[PDB]
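S.K.: Starting off with a structure, shown below.
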Amino acid sequence: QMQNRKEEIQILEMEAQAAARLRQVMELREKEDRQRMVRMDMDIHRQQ
Amino acid sequence: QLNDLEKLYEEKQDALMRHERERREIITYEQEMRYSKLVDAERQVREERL
């Protein structure tokens, strides 16, 4: 199982990067979604 | 005349067995242990993965 541990470990640690990166990446997608929605509302204000 | 006839026959066989018991222990000292170190050699992809 030292070999099977080696296999699960490389698998785990690369996957773990997903949490390490998405704590800032997921944040970005939402920031982009927010700006999109915000720009709309100001567009509507200009429609006034 | 021969109170010391015995012993010599066993000495060759016994010396052999005792040696052999160690022979088995000996291969463990290096073959099994280096095989264990092989596992470290395999583990020591760690630096790459790091």
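Ideal geometry is used to build each Cβ from the backbone, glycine not excepted, and the neighbour counts take in all protein chains shown. Values in this text are rule-based calculations from the coordinates and carry no lab data.
S.K.: Taking the simple approach of a point 7 Å from Cα along Cα-to-Cβ for both B:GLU42 and A:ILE9, what is their distance in nm?
M.R.: Here the answer is 1.2 nm between the modelled labels.
S.K.: Follow-up. From the helices alone, meaning DSSP H stretches of at least four residues, give me the mean residue ellipticity at 222 nm for chain A, per-run term -39500 (n - 2.57), in deg cm²/dmol to the nearest 500. Mind showing how you got there, number by number?
M.R.: Working: 1 runs with 46 residues, N = 48.
For chain A, the value works out to -35500 deg cm²/dmol.
S.K.: Less than 19 Å apart at the alpha-carbon level, and either on another chain or at least 8 residues along: which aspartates and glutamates does that give for B:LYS12?
M.R.: B:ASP4, B:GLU20, B:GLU22
S.K.: Still on this model: Go ahead and estimate [θ] at 222 nm for chain B from helices alone: -39,500 (n - 2.57) per DSSP H run with n ≥ 4, summed, over the residue count, rounded to 500. Before the final figure, lay out the partial values.
M.R.: Values: 3 runs with 35 residues, N = 50.
Mean residue ellipticity, 222 nm, calculated: -21500 deg cm²/dmol.
S.K.: Could you tell me how many degrees, from 0 to 90 and to the nearest 10, lie between the Cα long axis of helix A:2-47 and the main elongation axis, the longest principal axis, of the Cα atoms of chain A?
M.R.: Roughly 0 degrees, rounded to the nearest 10.
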